[PDB]
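Structure first, commentary second.
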Amino acid sequence: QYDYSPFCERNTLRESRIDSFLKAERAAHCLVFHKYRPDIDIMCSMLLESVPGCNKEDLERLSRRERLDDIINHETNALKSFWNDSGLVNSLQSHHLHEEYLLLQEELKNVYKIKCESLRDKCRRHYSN
Amino acid sequence: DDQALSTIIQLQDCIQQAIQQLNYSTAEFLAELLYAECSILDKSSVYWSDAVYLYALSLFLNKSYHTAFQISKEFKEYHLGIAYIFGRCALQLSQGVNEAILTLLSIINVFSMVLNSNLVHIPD
Amino acid sequence: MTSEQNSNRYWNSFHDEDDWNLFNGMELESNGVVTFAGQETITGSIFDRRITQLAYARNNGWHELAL
Amino acid sequence: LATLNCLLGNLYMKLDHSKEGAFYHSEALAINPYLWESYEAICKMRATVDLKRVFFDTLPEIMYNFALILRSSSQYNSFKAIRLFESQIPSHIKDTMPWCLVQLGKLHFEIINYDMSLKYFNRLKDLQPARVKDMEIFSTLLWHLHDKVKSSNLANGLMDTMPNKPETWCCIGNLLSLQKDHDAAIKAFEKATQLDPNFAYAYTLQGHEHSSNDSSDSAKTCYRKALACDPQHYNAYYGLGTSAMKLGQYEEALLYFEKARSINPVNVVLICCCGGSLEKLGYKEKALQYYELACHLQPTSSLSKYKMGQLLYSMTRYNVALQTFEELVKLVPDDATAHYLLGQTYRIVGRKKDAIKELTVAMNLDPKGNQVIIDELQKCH
Amino acid sequence: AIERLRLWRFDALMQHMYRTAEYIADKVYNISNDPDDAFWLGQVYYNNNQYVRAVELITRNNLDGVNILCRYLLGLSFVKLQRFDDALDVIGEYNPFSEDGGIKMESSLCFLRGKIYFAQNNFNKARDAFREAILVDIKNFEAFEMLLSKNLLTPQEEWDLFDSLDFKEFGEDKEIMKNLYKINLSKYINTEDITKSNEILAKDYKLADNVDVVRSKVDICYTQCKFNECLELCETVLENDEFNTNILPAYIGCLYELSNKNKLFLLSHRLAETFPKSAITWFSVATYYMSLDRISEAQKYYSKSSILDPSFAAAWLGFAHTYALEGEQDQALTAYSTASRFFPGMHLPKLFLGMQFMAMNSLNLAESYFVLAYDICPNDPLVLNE
Amino acid sequence: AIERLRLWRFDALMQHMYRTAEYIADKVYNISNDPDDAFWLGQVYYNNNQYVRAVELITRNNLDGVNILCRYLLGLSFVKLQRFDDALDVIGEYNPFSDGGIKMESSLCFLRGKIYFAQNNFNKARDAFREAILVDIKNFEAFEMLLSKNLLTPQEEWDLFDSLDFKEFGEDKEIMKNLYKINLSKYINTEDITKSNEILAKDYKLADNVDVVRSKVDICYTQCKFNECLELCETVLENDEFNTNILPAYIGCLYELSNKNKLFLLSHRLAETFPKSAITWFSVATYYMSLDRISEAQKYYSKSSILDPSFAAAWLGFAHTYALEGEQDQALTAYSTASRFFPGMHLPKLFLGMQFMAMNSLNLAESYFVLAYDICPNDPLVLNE
């Protein structure tokens, strides 16, 4: 019988939640496992396997301690890294990529400035706070 | 049981290694894990006192003085280093200093339970 | 108008203190949604036992923000 | 030659780029497996290693299990971590060790299960009254529970013990936001982030309070500051996306929502928001795909089923729409506009007997819009 | 030995000696870890309105599930504490046992489950739960009377259920128990059979003028509008018990039909000094205002009666009458829709809603609600006339 | 034939289906027509929170003169219906008579004692409770209610405990005597209480019992061992957090240690658990006193005092709120009133003497301090004062 003790320390769970967890858990695993019961089984050269935003090429660069079609390749590659290998970009229309790209560095540039006084005046900020 | 003692010794060696370098969060995690593991062992065992002292020292080093003070206060009498950590925490916070005097006076007067150990930062 | 309020008060005298407090400003709308007045508001649908108990709670119960 | 790599990773993570820092943390881990600080730095991002080779090529098994738990939590797959807690990590470690309790409470709180997180890291609070690290999770849980007394207990205790840690002022601001006040919560959050910068959670709550204050630009600035402090934070991305729908500009709204779901794949709110952004963009076929995952990912969620039903009724998959609405009503009967769709689907399929009762329920739920409901009854027969 | 303490504890509990019962129950449960003694302690906690203590007692040792009775006690304590989710948790969504001289243990669990379903307004599952409870053990009667009083079954379905169940368990008392149950069945169907059954029960046995037989006579006269007999039988029964809540609704309706203003004032005043909390008193006061043509003011008092007791058809139906009688027709529709949805299984709300749509001069919807009411109740002059 | 129906009625009472219990009781009573059946139906009405049905049904055919328990049920229904003179008229002011179960006479005498306690004529209540406990020892209420409200000085309580006999218990008296000996007052003959505590701890595995824990907590409270109070009561409260016997000692010990978070949590949970109990409002007032907010404690001690007349803690806290507020004239009457409702309890008199100290009136304080010290030879407050 399906084991549900760890999902709630209370030893009894109402049958509505038992199917609710079982249906939800299997779908969640099936998403990760495939791009069945959970109690039956839980299982399944640079040491580094993955870094968010890092493609196989970036990882290869790390080992070394480092026209319309071409820009479209740069169009997709930019959103590959930022969106962590999202599958919806291939379904997106080509002209909708342009405005998303233009807003990208514009927001990214705004971060760049953010990431980068008289004696009498600068004392007030400490006292008033 | 044959390998149970080996794991505790390995954890102790790893915690001293981590504390020797300026790596404190790793020392924090190792001390927490060792302190949790030593719970099954009886209070009479030297391993429990050693783990409690190591955990208290790691808590003191990570600026979390309140938790270190409480942990040392739970078993201040058992070990000398625990008394050291409790006294230092009392100096940093000015709370419960009287217990620190009544413990430290007894520990120093007797010297001139567990008193001597090979761990790091054991007081002279 | 004055006589009806008088008769209303006369029949209203048969309450307990807490029960009177709950019904002090009580208004019931036609669709069954219920409005409770705190002497906050407890607007909830009626025929469910839980809402009334909740109304009793913040009536006689103690709530303290404590900074 | 193990701590130097950790330092290099730390400087890289802090300054510009996380990829090189993660690589150097992995190299340090290669030198020595017992560098838990490196693992926390790795798990701050959504990065993982081949643990079998790292930890092998029963203490190593315990470390391996803990690394799997932390990796799953960072990857936001809580069910697996709960299962490893069930099988491995015996009780006499699991309950006493405060960090395992912290992680388990965060896992349960990630799921809609709310009460059990409260129990778990309430026992945490009992074990370590002076614990200050990772209490913003407790604050968010108390805000979600709409409970004021335990929030007051948290705030009073933390203010009494440690007047200056940023989490304490964050909790003060959260209680103030909960009660009635928004400007007071904003003031508490600036104090929290002035005393300790780089605390992205403070900026996220600042942006949320600014959004609730109908101040778009301030919320956007706070969220951008949060992203500057932490490159990966789905809460601030969700806030920016919500602001963009309010501003009507759906492009950056989908952008922000998409960025947020990437680091938190399992969350019905983010999935439904991304689907709504797609629907505003008009991708009917792709929007249903996310909604299909959301409904199966977590049942007993009103918003996901409601979006499913609206989308299927929009493009006339009535056969599945009717069952989605029926189970929606089964899991909640108080939805007003839902019963309207129940009735519409029932009358479209052609079962008048159920349609009359369902529209009667709808008339009960909405006194104001009854005339339109009466009109639907007229079209029913 | 321990048996003397056990019998003394049971007697102390039975004699309303709560403190002695609690102390001795605690002592006996500490001496021996027998779950029945824990049940006795939980019962003692239950009698003096101390539910949470019993809940923590039965949950602390996790002794529930070892024996069914303590599971039932914990579930009943939860349903009193309104924590219905945990009660449904400990009891279960459906029957777990589905394949002594007392009512079978499992049937009571089904009754509690049906009550839980009724509280969550899940009437469809509550009907099945109550039906299963009555079918499993005929010794139970609480489920049957709850189903008949709250009208979860149509009269034809109620008669089919009564015919389906047998009386083999009773044995010698088969005919008397059959008549006793048949007294309480719904009217509008073959009332001559109920008349013959109660006449047989009257003379042959000493139960000639008991409470339920005169209550059935009152219900019969009220259904057939024999209002004179309403007053004689009701007065002859109220002269013994002045506060019998089983008959008061019918008594109030019969007097309201007779418009006995003075008698109604006396009853309303009498119930005001004794039962202010119960909704019957405020319903009586409200209908006193109703008889004097004070619809607008009686509106509030129907609201109060409705609030003080849910699942009461009289209060909400009268409240809808206050809406429909004088103006403000728009929201009488919503009131009657609430009556129909929240009180399924009665033809009367459907009939009222259809007639009100007819009052609007909107036809098809009125016919639809009328056929719905006819479906619920086949034998009623009102619905057929409408 | 009737026996099966009687078992059915008993099962209906056991499983708490009150409508069927009333139905079957009425049917069986109409069949048999005997007073015990009327008693059964009246008890059903009592349990169904319908006392009026029970009293009229019992009094309709004047059954109180037939059996001895039906009159008791009618009297108790009158008791909880807030009628006393007619209840005592039915039962009778004096004693009319002056196997398992308990003798019915002790139950009637206890009911008369409860009436007398409600009527404030305290000496008659003491007489009634003493008569009930001496006539029968199984009636533990006749002992616990008497000791609970401090109706008598502990010396005569010990004297009466010695006087009463445990012989008729027989084989179980060996444990029953010790259990009864546990519950008397702790100020005098303390060492025997401890010895009995260890006696219970050995050979009867009753060390886990809640009442043994209550006895030890009160023992530690008498010597002001507040830390031991907190530890043991926290151990017992984790199992059960709402034991009204346990809670007053825990609140007192919390206020002595002066910690506000634990008191706040417990008080706010008890407020939402038992809204109509005086203990929770007393706890709220204590929390405010730990927070030094005298103004709110005024009202929240007044509420607790009004809710329970036999709650001496409320009077002492109320007079304390006056005293700490700034005015003492009303606190004088408050402490005097507390002393008069509970003769034989030294502590209200001691607090009143301290108020005399605050008002520089030492002449009465000498006698008052002497009377308080007569029964408290070793405690910090008396000697300090």
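Order determines the names: the first chain of the structure tokens is A, the second B, and so forth; residues in each chain are numbered 1 upward, and ligands are numbered 1 upward as they are shown.
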
| request: Compile the residues of chain D that lie within 8 Å of chain A, evaluated using only C-alpha atoms, and express the compilation as number ranges by chain. | output: D: 19-20, 22-23, 26-27, 30, 45-50, 54, 77, 79-80, 82-86, 116, 191, 224-225, 228, 251-252, 255, 258-259, 262, 266, 286, 296-300

Please identify every residue of chain D that has at least one atom no farther than 7 Å from an atom of chain E, counting only C-alpha atoms, and for each give the shortest atom pair and the distance in Å to one decimal, arranged by chain then increasing number, as CSV.
```
residue,atom,partner,partner_atom,distance
D:360,CA,E:337,CA,5.6
D:361,CA,E:341,CA,6.4
D:363,CA,E:334,CA,6.0
D:364,CA,E:334,CA,5.2
D:367,CA,E:334,CA,6.4
D:381,CA,E:364,CA,6.9
```

Hey, can you spit out that residue selection with N, CA and C atoms as an mmCIF file, in the first residue's frame?
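The resulting out27.cif:
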```
data_model
loop_
_atom_site.group_PDB
_atom_site.id
_atom_site.type_symbol
_atom_site.label_atom_id
_atom_site.label_comp_id
_atom_site.auth_asym_id
_atom_site.auth_seq_id
_atom_site.Cartn_x
_atom_site.Cartn_y
_atom_site.Cartn_z
ATOM 1 N N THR D 360 -29.216 28.369 -11.038
ATOM 2 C CA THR D 360 -29.809 28.745 -9.759
ATOM 3 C C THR D 360 -28.721 29.038 -8.736
ATOM 4 N N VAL D 361 -27.690 28.194 -8.702
ATOM 5 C CA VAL D 361 -26.556 28.439 -7.816
ATOM 6 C C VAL D 361 -25.901 29.767 -8.170
ATOM 7 N N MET D 363 -27.252 32.408 -9.622
ATOM 8 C CA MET D 363 -28.102 33.504 -9.164
ATOM 9 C C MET D 363 -27.964 33.700 -7.664
ATOM 10 N N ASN D 364 -27.819 32.602 -6.921
ATOM 11 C CA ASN D 364 -27.558 32.720 -5.492
ATOM 12 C C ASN D 364 -26.251 33.458 -5.236
ATOM 13 N N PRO D 367 -26.091 38.360 -6.628
ATOM 14 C CA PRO D 367 -27.336 39.143 -6.699
ATOM 15 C C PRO D 367 -27.291 40.258 -7.725
ATOM 16 N N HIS D 381 -33.869 27.684 -22.516
ATOM 17 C CA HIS D 381 -35.085 27.050 -23.016
ATOM 18 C C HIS D 381 -35.895 28.025 -23.863
#
```

| said: Give me, as a PyMOL selection string, all polymer residues having an atom no more than 6 Å from stretch 313-324 of chain F, counting only C-alpha atoms and skipping those fewer than 2 positions away in the same chain. | reply: chain F and resi 294+298+301+305+311+326-328+331+334-335+338

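The residues of chain F lying at most 10 Å from chain D, with only C-alpha atoms taken into account, are residues 260, 261, 262, 264, 265, 268 and 269 of chain F.
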
| request: Using only C-alpha atoms, determine which residues lie at most 7 Å from stretch 201-209 of chain E, disregarding the query and same-chain residues fewer than 2 positions distant; provide the list as a PyMOL selection string. | output: (chain E and resi 179+197-199+211+213-214) or (chain F and resi 30-31)

Would you save the residues of that selection, restricted to N, CA and C atoms, as an mmCIF file, in the first residue's frame?
```
data_model
loop_
_atom_site.group_PDB
_atom_site.id
_atom_site.type_symbol
_atom_site.label_atom_id
_atom_site.label_comp_id
_atom_site.auth_asym_id
_atom_site.auth_seq_id
_atom_site.Cartn_x
_atom_site.Cartn_y
_atom_site.Cartn_z
ATOM 1 N N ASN E 179 -43.769 -0.564 13.218
ATOM 2 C CA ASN E 179 -44.752 0.505 13.354
ATOM 3 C C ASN E 179 -44.099 1.766 13.911
ATOM 4 N N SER E 197 -51.372 1.840 10.610
ATOM 5 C CA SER E 197 -50.272 1.394 11.458
ATOM 6 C C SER E 197 -50.336 2.053 12.832
ATOM 7 N N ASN E 198 -50.570 3.369 12.878
ATOM 8 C CA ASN E 198 -50.645 4.020 14.184
ATOM 9 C C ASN E 198 -51.905 3.625 14.952
ATOM 10 N N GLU E 199 -53.016 3.338 14.264
ATOM 11 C CA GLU E 199 -54.189 2.829 14.976
ATOM 12 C C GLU E 199 -53.892 1.477 15.607
ATOM 13 N N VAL E 211 -45.830 10.678 22.763
ATOM 14 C CA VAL E 211 -45.444 11.942 22.142
ATOM 15 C C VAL E 211 -45.398 11.801 20.625
ATOM 16 N N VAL E 213 -46.735 9.529 18.566
ATOM 17 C CA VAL E 213 -47.982 9.195 17.885
ATOM 18 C C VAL E 213 -48.857 10.433 17.723
ATOM 19 N N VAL E 214 -48.955 11.263 18.763
ATOM 20 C CA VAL E 214 -49.720 12.494 18.614
ATOM 21 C C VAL E 214 -48.987 13.460 17.693
ATOM 22 N N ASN F 30 -43.208 4.719 28.614
ATOM 23 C CA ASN F 30 -44.639 4.565 28.383
ATOM 24 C C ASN F 30 -45.053 3.102 28.497
ATOM 25 N N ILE F 31 -44.193 2.186 28.049
ATOM 26 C CA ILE F 31 -44.497 0.761 28.168
ATOM 27 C C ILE F 31 -44.504 0.334 29.634
#
```

Produce a table with one row for each residue of chain A that has an atom at most 8 Å from any atom of chain E, each row naming the nearest atom pair and its distance in Å at one decimal; use only C-alpha atoms; arrange rows by chain and rising residue number; format as CSV.
```
residue,atom,partner,partner_atom,distance
A:12,CA,E:90,CA,6.3
A:13,CA,E:89,CA,5.5
A:14,CA,E:89,CA,4.3
A:15,CA,E:93,CA,5.8
A:16,CA,E:93,CA,7.2
```

| Could you pull the residues within 12 Å of residue C:46, counting only C-alpha atoms, minus those fewer than 4 positions along the same chain, as a ChimeraX atom specification? | /C:27-36,42,50-53,55 /D:334,365 /E:121,303-304,306-311,316,338-339,342

| Quick one: residues within 12 Å of residue B:108, only C-alpha atoms counted, chain neighbours fewer than 4 positions away excluded, as an MDAnalysis selection string? | chainID B and resid 80 83:84 100:104 112 115 123:124

Writing out the chosen residues with C-alpha atoms as a PDB file, in the first residue's frame:
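result28.pdb written:
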```pdb
ATOM      1  CA  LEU B  80      36.822  23.193  30.171  1.00  0.00           C
ATOM      2  CA  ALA B  83      33.353  27.002  30.183  1.00  0.00           C
ATOM      3  CA  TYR B  84      35.772  29.107  28.127  1.00  0.00           C
ATOM      4  CA  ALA B 100      30.805  32.205  34.745  1.00  0.00           C
ATOM      5  CA  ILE B 101      32.625  33.228  37.924  1.00  0.00           C
ATOM      6  CA  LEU B 102      31.281  30.286  39.952  1.00  0.00           C
ATOM      7  CA  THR B 103      32.357  27.904  37.174  1.00  0.00           C
ATOM      8  CA  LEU B 104      35.739  29.406  36.262  1.00  0.00           C
ATOM      9  CA  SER B 112      46.088  24.359  40.376  1.00  0.00           C
ATOM     10  CA  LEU B 115      39.851  18.992  31.805  1.00  0.00           C
ATOM     11  CA  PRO B 123      42.574  27.002  26.941  1.00  0.00           C
ATOM     12  CA  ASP B 124      45.735  27.090  28.996  1.00  0.00           C
TER      13      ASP B 124
END
```

Please return, as a short mmCIF file (atom, residue, chain, number, x, y, z; two decimals) with N, CA and C atoms, in the first residue's frame, all residues of chain C lying within 8 Å of chain D when only C-alpha atoms are considered.
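The resulting file, result-v1.cif, is reproduced below:
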```cif
data_model
loop_
_atom_site.label_atom_id
_atom_site.label_comp_id
_atom_site.auth_asym_id
_atom_site.auth_seq_id
_atom_site.Cartn_x
_atom_site.Cartn_y
_atom_site.Cartn_z
N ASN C 31 -28.98 37.45 -0.34
CA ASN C 31 -28.40 36.24 -0.94
C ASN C 31 -27.76 35.31 0.09
N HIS C 63 -7.30 39.76 21.47
CA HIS C 63 -6.34 39.89 20.39
C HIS C 63 -5.42 41.06 20.70
N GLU C 64 -4.11 40.84 20.60
CA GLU C 64 -3.14 41.86 20.97
C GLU C 64 -2.01 41.87 19.96
N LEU C 65 -1.85 42.98 19.24
CA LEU C 65 -0.77 43.09 18.27
C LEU C 65 0.59 43.03 18.95
N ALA C 66 0.74 43.70 20.09
CA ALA C 66 1.97 43.66 20.88
C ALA C 66 3.17 44.14 20.06
N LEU C 67 3.05 45.36 19.54
CA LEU C 67 4.13 46.00 18.79
C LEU C 67 4.58 45.15 17.60
#
```

| task | Write down, as a ChimeraX atom specification, each residue of chain C that has any atom within 9 Å of an atom of chain F, counting only C-alpha atoms. | result | /C:57-58,60-64

Sorted per-residue table, chain D near chain B, closest atoms and distance, 12 Å, only C-alpha atoms, as JSON lines:
```
{"residue": "D:1", "atom": "CA", "partner": "B:21", "partner_atom": "CA", "distance": 11.2}
{"residue": "D:2", "atom": "CA", "partner": "B:21", "partner_atom": "CA", "distance": 10.1}
{"residue": "D:3", "atom": "CA", "partner": "B:23", "partner_atom": "CA", "distance": 7.5}
{"residue": "D:4", "atom": "CA", "partner": "B:22", "partner_atom": "CA", "distance": 10.5}
{"residue": "D:6", "atom": "CA", "partner": "B:23", "partner_atom": "CA", "distance": 9.3}
{"residue": "D:7", "atom": "CA", "partner": "B:23", "partner_atom": "CA", "distance": 9.8}
{"residue": "D:32", "atom": "CA", "partner": "B:14", "partner_atom": "CA", "distance": 10.5}
{"residue": "D:33", "atom": "CA", "partner": "B:14", "partner_atom": "CA", "distance": 10.6}
{"residue": "D:34", "atom": "CA", "partner": "B:14", "partner_atom": "CA", "distance": 7.5}
{"residue": "D:35", "atom": "CA", "partner": "B:26", "partner_atom": "CA", "distance": 5.6}
{"residue": "D:36", "atom": "CA", "partner": "B:26", "partner_atom": "CA", "distance": 4.8}
{"residue": "D:37", "atom": "CA", "partner": "B:26", "partner_atom": "CA", "distance": 5.1}
{"residue": "D:38", "atom": "CA", "partner": "B:26", "partner_atom": "CA", "distance": 8.2}
{"residue": "D:39", "atom": "CA", "partner": "B:26", "partner_atom": "CA", "distance": 9.3}
{"residue": "D:40", "atom": "CA", "partner": "B:25", "partner_atom": "CA", "distance": 9.3}
{"residue": "D:41", "atom": "CA", "partner": "B:25", "partner_atom": "CA", "distance": 10.7}
{"residue": "D:58", "atom": "CA", "partner": "B:7", "partner_atom": "CA", "distance": 7.4}
{"residue": "D:59", "atom": "CA", "partner": "B:7", "partner_atom": "CA", "distance": 6.0}
{"residue": "D:60", "atom": "CA", "partner": "B:7", "partner_atom": "CA", "distance": 9.2}
{"residue": "D:61", "atom": "CA", "partner": "B:7", "partner_atom": "CA", "distance": 11.2}
{"residue": "D:62", "atom": "CA", "partner": "B:33", "partner_atom": "CA", "distance": 9.9}
{"residue": "D:63", "atom": "CA", "partner": "B:33", "partner_atom": "CA", "distance": 9.8}
{"residue": "D:66", "atom": "CA", "partner": "B:33", "partner_atom": "CA", "distance": 10.6}
{"residue": "D:89", "atom": "CA", "partner": "B:37", "partner_atom": "CA", "distance": 10.6}
{"residue": "D:90", "atom": "CA", "partner": "B:37", "partner_atom": "CA", "distance": 10.1}
{"residue": "D:91", "atom": "CA", "partner": "B:36", "partner_atom": "CA", "distance": 10.5}
{"residue": "D:92", "atom": "CA", "partner": "B:40", "partner_atom": "CA", "distance": 7.4}
{"residue": "D:93", "atom": "CA", "partner": "B:36", "partner_atom": "CA", "distance": 5.6}
{"residue": "D:94", "atom": "CA", "partner": "B:36", "partner_atom": "CA", "distance": 8.5}
{"residue": "D:95", "atom": "CA", "partner": "B:36", "partner_atom": "CA", "distance": 9.0}
{"residue": "D:96", "atom": "CA", "partner": "B:36", "partner_atom": "CA", "distance": 6.2}
{"residue": "D:97", "atom": "CA", "partner": "B:36", "partner_atom": "CA", "distance": 5.4}
{"residue": "D:98", "atom": "CA", "partner": "B:32", "partner_atom": "CA", "distance": 7.9}
{"residue": "D:99", "atom": "CA", "partner": "B:32", "partner_atom": "CA", "distance": 8.0}
{"residue": "D:100", "atom": "CA", "partner": "B:33", "partner_atom": "CA", "distance": 9.5}
{"residue": "D:101", "atom": "CA", "partner": "B:36", "partner_atom": "CA", "distance": 11.9}
{"residue": "D:125", "atom": "CA", "partner": "B:67", "partner_atom": "CA", "distance": 11.9}
{"residue": "D:127", "atom": "CA", "partner": "B:67", "partner_atom": "CA", "distance": 10.3}
{"residue": "D:128", "atom": "CA", "partner": "B:67", "partner_atom": "CA", "distance": 7.1}
{"residue": "D:129", "atom": "CA", "partner": "B:67", "partner_atom": "CA", "distance": 8.2}
{"residue": "D:130", "atom": "CA", "partner": "B:67", "partner_atom": "CA", "distance": 5.8}
{"residue": "D:131", "atom": "CA", "partner": "B:67", "partner_atom": "CA", "distance": 6.7}
{"residue": "D:132", "atom": "CA", "partner": "B:64", "partner_atom": "CA", "distance": 8.4}
{"residue": "D:133", "atom": "CA", "partner": "B:64", "partner_atom": "CA", "distance": 9.4}
{"residue": "D:158", "atom": "CA", "partner": "B:66", "partner_atom": "CA", "distance": 11.5}
{"residue": "D:160", "atom": "CA", "partner": "B:66", "partner_atom": "CA", "distance": 11.9}
{"residue": "D:161", "atom": "CA", "partner": "B:66", "partner_atom": "CA", "distance": 8.2}
{"residue": "D:162", "atom": "CA", "partner": "B:66", "partner_atom": "CA", "distance": 8.9}
{"residue": "D:165", "atom": "CA", "partner": "B:64", "partner_atom": "CA", "distance": 10.9}
```
